[PDB]
Amino acid sequence: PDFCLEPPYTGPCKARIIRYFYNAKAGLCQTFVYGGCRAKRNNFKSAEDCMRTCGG
Amino acid sequence: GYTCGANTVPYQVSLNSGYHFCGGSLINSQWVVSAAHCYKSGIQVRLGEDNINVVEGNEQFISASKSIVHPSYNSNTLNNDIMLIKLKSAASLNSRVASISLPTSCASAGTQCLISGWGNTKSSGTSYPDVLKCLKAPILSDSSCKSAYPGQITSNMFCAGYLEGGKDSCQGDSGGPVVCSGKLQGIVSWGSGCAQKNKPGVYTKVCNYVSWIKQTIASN
Ligand SMILES: CC[C@H](C)[C@H](N)C(=O)N[C@H](C(=O)O)C(C)C
Ligand SMILES: [Hg+2]
């Protein structure tokens, strides 16, 4: 999945919600800050979701 | 930003889900106003906070019964970015927990307002405060807001801050107050980054919603 290679996107909104993204470089799911809106697909609510969809 | 001072913004609330993710404003004993993009499950509201990381003895942690996002919130344009939260139990209003009055009219450009939150304190970089931060910023003109953000500003939004940069609201601040002459005129909502030049913060225009908030609080 091609979206799994894409950099984490915080976006314009100003919430501080911890989510997961796939870090291709490290070969694992990492946490980042998500601003609460306009999320991109490399944005998961748990490691487990991230790993299931992206973990390659 | 500056350190507001302990319990100096008594209507400021932290929304917690295991950690601080948003702010909000107490509008009465049982109701909080926040942003629609702050909607989560399992919200715990924390009142009487200053240091969100230690327990200082003025706190009330109260869970949310109900969380009501505006029926016309658009996830994409961020229009109608407003949500109400009903507390499970009424708060005890004291000197460190007090609510904020809703506006009778809309505030004009050039009105200086207080914006407060536990969000990031570095424009570029990362630093989340223990204590509450405050920021005095003017309401900007519709004309300048729309030119800062072409085709993105609806009648339910306003800009506030400094075209120069370095003074803004950041991630962690959403849902939190913009209070102008004692009245809740805005909610911290979005921006293109933060504290960037020519890109002021964008705030939900609370004066357009006063009828909705009242009737919704009344019938819930
Ligand atoms: C609104 C609460 C405060 C002022 C935010 N979180 C903040 O510390 N902003 C910094 C600033 O000093 O304005 C930063 C430069 C965005
Ligand atoms: Hg920022």
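In what follows, chains are A, B, ... by sequence order, proteins preceding strands, each numbered from 1. Because only heavy atoms are used, hydrogens play no part in the values below, and waters and symmetry mates are left out as well, while side chains stay in.
Of the two parts of B:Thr77, only the backbone, made up of N, CA, C and O, holds a non-hydrogen atom closer than 4.5 Å to a non-hydrogen atom of chain A. With a threshold of 4.5 angstrom between heavy atoms, B:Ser192 does not approach chain A through any atom at all. For B:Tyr39, no part lies under 4.5 angstrom from a heavy atom of chain A.
Here CD1 of A:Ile17 is found 6.5 Å from SG of B:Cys38. Values are rounded to the nearest 0.5 Å.
Classified by interplanar angle (parallel below 30°, tilted 30° to 60°, perpendicular above 60°), the ring pair B:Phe158/B:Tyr203 is parallel.
Note: A:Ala15 leads A:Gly11, A:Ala15, A:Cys37, A:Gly36 in heavy-atom pairs under 4.5 Å with chain B. Of all the listed residues (B:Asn120, B:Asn76, B:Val202, B:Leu15), the one sharing the greatest number of non-hydrogen pairs under 4.5 Å with chain A is B:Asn76. Per-residue heavy-atom pair counts under 4.5 Å with chain A were compared for B:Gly119, B:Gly201, B:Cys170, B:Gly176, and the maximum is reached by B:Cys170.
Aromatic rings of B:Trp190 and B:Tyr149 (six-membered ring for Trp) have centroids within the 6.0 Å cut-off, being under it.
Side-chain contact, B:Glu49 with B:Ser14: no donor N or O sits under 3.5 Å from an acceptor N or O. Side chains of B:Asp81 and B:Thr204: no donor on one and acceptor on the other come within 3.5 Å.
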